[PDB]
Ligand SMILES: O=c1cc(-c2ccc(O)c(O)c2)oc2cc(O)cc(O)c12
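Form deposited without this ligand, single chain, as structure tokens, below.
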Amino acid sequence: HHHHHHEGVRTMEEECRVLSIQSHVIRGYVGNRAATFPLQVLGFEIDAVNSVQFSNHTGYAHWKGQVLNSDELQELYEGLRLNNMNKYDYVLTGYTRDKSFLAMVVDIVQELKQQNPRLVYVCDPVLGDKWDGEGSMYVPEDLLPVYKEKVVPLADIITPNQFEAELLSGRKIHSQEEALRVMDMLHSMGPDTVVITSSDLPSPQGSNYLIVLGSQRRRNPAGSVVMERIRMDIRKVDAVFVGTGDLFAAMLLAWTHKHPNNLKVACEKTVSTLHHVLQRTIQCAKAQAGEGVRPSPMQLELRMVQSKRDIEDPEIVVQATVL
């Protein structure tokens, strides 16, 4: 009787409120631009709170705009508290330069979590990474002291990359047997799901064929804790991409929310989704500028719209191994 299944259309499903306090640009896709469409095309009731609003990202030679301040995001957040619209399922965080905006973000994550003990604060540390081998931070020299004790302790999910992963532990990674150790070192700070978005640790398939690894505990079982882990390698989509960071944690949110406590398929639909993007991204970068040389930011921007088709459900292009 497939006839009472259609009046289901009339039902109240779930509203998965996602407070995503990130940046917004006019042209291009970084931060919140990058985090919404996907999360929306995936049924999430996501709310965007601009941190900035630059004409474009800071990856081009120029940019102009404004930077929302702590005092502003404070008013911004109360307005909600007033008409009582301050209650989320997931608070999503990312790249942030100023320290006061970071403490404020916390407070909001903090109260939201005192207004809702159930909140899932998917947190992605704005620390920095490595370009010509050596590694540098990409923010003020005292953002870590904040990320260390008031952010990560509050977060339920983090997506460090090697350089940052290390910084949120105090040790350092030289092998595969340490990015799991340092991952053990981060839950003690709080995150119960830890992934190391990028690194340098080799793999049975080359340096080009880069890695991804992660761990997820839950001492929820009657007695003690249980802990599952995975890892995976992915050819290096050579081309240089910016926004990808922001999108990762988003899709690593959706798929996470949508599936059981198994980073495996969760992480597979996720790290895969980046592929059905980037491919269709690199491909066009060359579709126009002089049939004889490497592209530019604008000739390289994330072809995000076009990926709707794919976003709604990816064709797994990479497999993972269980541990």
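Here, rigid core means the biggest group of C-alpha atoms that superpose within 1.5 Å across both forms. Just count from 1 along the sequence shown to find any residue number.
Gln114, present in the displayed chain, carries coordinates in each of the other PDB entries compared that cover both sides of it, far from a third leaving it out. Figure legend: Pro160 is marked as modelled in all of the other comparable entries of the protein, none of which omit it, let alone a third.
Keep in mind the form solved in complex with this ligand is missing from the figure; the text below concerns it.
Using a 4.5 Å cutoff between non-hydrogen atoms, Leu274 counts as a contact of this ligand in the deposited bound form. At a distance threshold of 4.5 angstroms between non-hydrogen atoms, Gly135 is out of contact with this ligand in the deposited bound form. Contact check for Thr244: a non-hydrogen atom falls within 4.5 Å of this ligand in the deposited bound form. Although the partner is absent here, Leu210 lies within 4.5 Å of this ligand in the deposited bound form, judged by heavy atoms. Residue heavy atoms within 4.5 Å of this ligand in the deposited bound form occur in exactly one stretch of 233-241, 102-110, 69-77, 172-180, and that stretch is 233-241. Contacts to this ligand in the deposited bound form (heavy atom within 4.5 Å) from stretch 171-207: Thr197 only. Only one entry in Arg81, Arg219, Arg181, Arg235 has its C-alpha moved by 2 angstroms or more between this form and the one not shown when the rigid core is superposed, and that entry is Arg219. Once you line up the core between this form and the one not shown, the Cα of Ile26 stays within less than 2 Å of where it was. Relative to the superposed core, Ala289 undergoes a C-alpha shift of no less than 2 Å between this form and the one not shown. Relative to this conformation, a decrease of 3 Å or more in the Cα-Cα distance between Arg118 and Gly223 is found in the deposited bound form.
One change in the deposited bound form concerns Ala266 and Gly223, whose Cα atoms lie at least 3 Å closer than in this form.
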